[PDB]
């Protein structure tokens, strides 16, 4: 069985300011080439005043044009960023307002699976489409990580960049092969503490003096995160590909990963031909929720993924969750 599903248009926004790793290396006394070797990052983009809703709206406008549509044709907006612009309201109504659709009534909501929100939003969208509830759905991921960096830790502040990307999804028309062949999501909440920001909510509120600045930074336990993979990834991979026994990785053109560090790409490059891998981290850094849809944009707009080609979206994110999808574009 395959599920009809079309990525009808794609869009991106990247901030103008290119922050070279060499520049970060001089200012914070790191060795020349440290970022490239340790993080796999030559450069990243950082905002200089724009909001996350602004970035998302710019990406969305490109996606809507790319799909041959007007903004008034969109009948549902799903905001799918890795981090919020602000606490209230959610990213949905904020990007709806930014797009000039603030009086349209067009439903605008958020789907949140931390840095894997884009994937889960596509899934939610695919069900709305196949239930015929909505017809033309905007999915928008925009993240600004540069304002939350921990400059105590080079592993942190050299890692993150800012970006947005977006997709419009529809049901395919007759003669279009666009579809999902397999999809899988697993969550291992025992890993929550191994990639966590304790602040940003009711647990450690910003105005509470019981809160400490460090609560507002990301803490990771790399060793323990990797163990979740050692324990559960082979099973995850098997369950996914189980779903489409007539399709193997040999049949797909591109593997399109969420890429929060060089480790995922290094692992994939040991396993799969390099030509199949979509790389964006070296130029955009870890852009949280925007990483996977930026890689998708790259695959289509820079690397020639064509309609009828097969590809795989895949990723691991805070939670800890695993996602994968095998699809015909």
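Residue numbers count along the first chain shown, from 1.
Asks: Highest mean C-alpha temperature factor of the two stretches 239 to 247 and 179 to 187, which is it?
Replies: Between 239 to 247 and 179 to 187, it is 239 to 247 that shows the higher mean C-alpha B-factor.
Asks: Comparing 225 to 233 with 91 to 99, where is the mean C-alpha B-factor higher?
Replies: So the stretch with the higher mean C-alpha B-factor is 225 to 233.
Asks: Between 113, 252, 192, 165, which one tops the list for C-alpha B-factor in the PDB entry?
Replies: The C-alpha B-factor peaks, among 113, 252, 192, 165, at 252.
Asks: Report the option among 285, 56, 289, 33 whose CA atom has the maximum B-factor in the deposited record.
Replies: That would be 33, according to the entry.
Asks: Going by the entry, which third of its chain does the Cα temperature factor of residue 317 land in?
Replies: It belongs to the middle third of the chain when residues are ordered by C-alpha B-factor.
Asks: Place residue 263 in the lowest, middle or highest third of its chain's C-alpha B-factors, as listed in the PDB entry.
Replies: Ranked within chain, residue 263 CA B lands in the highest tercile.
Asks: Considering only modelled residues of the same chain, in which third does the CA B-factor of residue 61 rank: lowest, middle or highest?
Replies: For residue 61, whose C-alpha B-factor we compare with every modelled residue in the chain, the answer is the lowest third.
Asks: Name the third of the chain's ranked CA B-factors that contains residue 128, choosing lowest, middle or highest.
Replies: It belongs to the middle third of the chain when residues are ordered by C-alpha B-factor.
Asks: In terms of the chain's CA B-factor thirds, is residue 327 lowest, middle or highest?
Replies: Within its chain, residue 327 is a middle-third residue by C-alpha B-factor, going by the deposited values.
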